[PDB]
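A short write-up of the structure that comes next.
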Amino acid sequence: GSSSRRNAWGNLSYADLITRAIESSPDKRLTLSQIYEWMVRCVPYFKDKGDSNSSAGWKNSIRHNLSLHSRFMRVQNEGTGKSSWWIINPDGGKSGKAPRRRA
């Protein structure tokens with residue numbers, strides 16, 4: 001039957017795993033590369049996928065999960081680089097591309 005309770009370590013979904021890494025980060029915004037490593041640090045799933053091609057594999061799927069609802073939001077660099085950071089949307093938090101000060 002359906003799993004009402006799940007192991008919050010191994011039975012995590014892809015979105016959860018991204019979150020796991022992102023929450024274990026400094027500013028909650030990380031590139032997919034740094035999410036990947038931050039994940040491998042604590043994740044059970046991407047340990048295996050860390051060694052295998054499933055890294056540059058399930059990472060492709062992970063981005064689809066970053067398109068779920070509005071559960072995640074994507075942040076760009078303020079200028080110190082031209083790369084994107086990725087976060088789970090808590091409210092806005094990092095204010096990435098969010099016009100707070102319109103004046």
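The chain as shown is numbered from 1 upward.
Header entry for method reads solution NMR.
Quick reminder: no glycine exception, Cβ is built from N, Cα and C everywhere.
Summarising the annotation, Swiss-Prot assigns DNA-binding region to 9-103.
The phosphothreonine annotation in Swiss-Prot covers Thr31 and is backed by experimental evidence. Around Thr31 (phosphothreonine), taking its Cβ as the centre, 14 other Cβ atoms fall within 10 Å, counting all chains. In the three-state DSSP scheme, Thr31 (phosphothreonine) falls into the coil class.
The Cβ neighbour count for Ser61 (phosphoserine), using a 10 Å radius and every protein chain shown, is 10. Feature annotation from Swiss-Prot assigns phosphoserine to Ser61 (among others); the stated evidence is experimental evidence.
Sequence-distant contacts of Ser67 (phosphoserine), defined as residues of its own chain at least six apart whose C-beta falls under 8 angstroms from its C-beta, are absent. In the three-state DSSP assignment, the secondary structure recorded for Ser67 (phosphoserine) is coil. What Swiss-Prot records for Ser67 (among others) is phosphoserine.
Positions annotated as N6-methyllysine by Swiss-Prot: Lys82. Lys82 (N6-methyllysine) falls outside any helix or strand according to DSSP and counts as coil. The Cβ of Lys82 (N6-methyllysine) has 7 other Cβ atoms within 10 Å, all protein chains considered.
Summarising the annotation, Swiss-Prot assigns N6-acetyllysine to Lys94. Secondary structure from DSSP puts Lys94 (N6-acetyllysine) in coil.
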Note = Whole-Å Cα distance, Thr31 (phosphothreonine) to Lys82 (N6-methyllysine), is 11
Task = Would you mind reading off the Cα separation of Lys94 (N6-acetyllysine) from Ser61 (phosphoserine), to the nearest angstrom?
result = 24
